[PDB]
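Counting in the authors' numbering, the sequence shown runs from 51 upward without gaps.
Note that beta-carbon positions come from the ideal geometry of N, C-alpha and C, so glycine has one too.
Some notes on the structure that comes next.
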Amino acid sequence: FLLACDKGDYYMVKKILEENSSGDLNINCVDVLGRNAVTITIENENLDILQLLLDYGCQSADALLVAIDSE
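This is the structure we're talking about:
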């Protein structure tokens, strides 16, 4: 769940996620301003990534609200 999420390079994030396999990178980590994986990606509308990113691992509680807010 590295900065790739932003770049929206699905493969990269996908790889990193798999490569992470409970690795250093905290999928549920926050950026400089708090954005979690789902969040930083909700805003940039990478629904593709979010398709399963949210299926598991990625923390997301206020995401619905994030989504609604981001319409």
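To the nearest angstrom, report how far apart residue i and residue j are at their CA atoms.
i, j, result
"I90", "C55", "7 Å"
"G84", "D105", "21 Å"
"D74", "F51", "10 Å"
"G58", "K64", "10 Å"
"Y61", "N78", "18 Å"
Considering residue i, what are the terminal residues of the alpha helix (DSSP H) in which it resides?
i, result
"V88", "87-93"
"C55", "54-57"
"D112", "Element bounds for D112: n/a, residue is neither H nor E."
"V63", "60-70"
Classify residue i: buried if its beta carbon has 16 or more other beta carbons within 10 angstroms, exposed otherwise.
i, result
"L114", "exposed"
"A87", "buried"
"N96", "buried"
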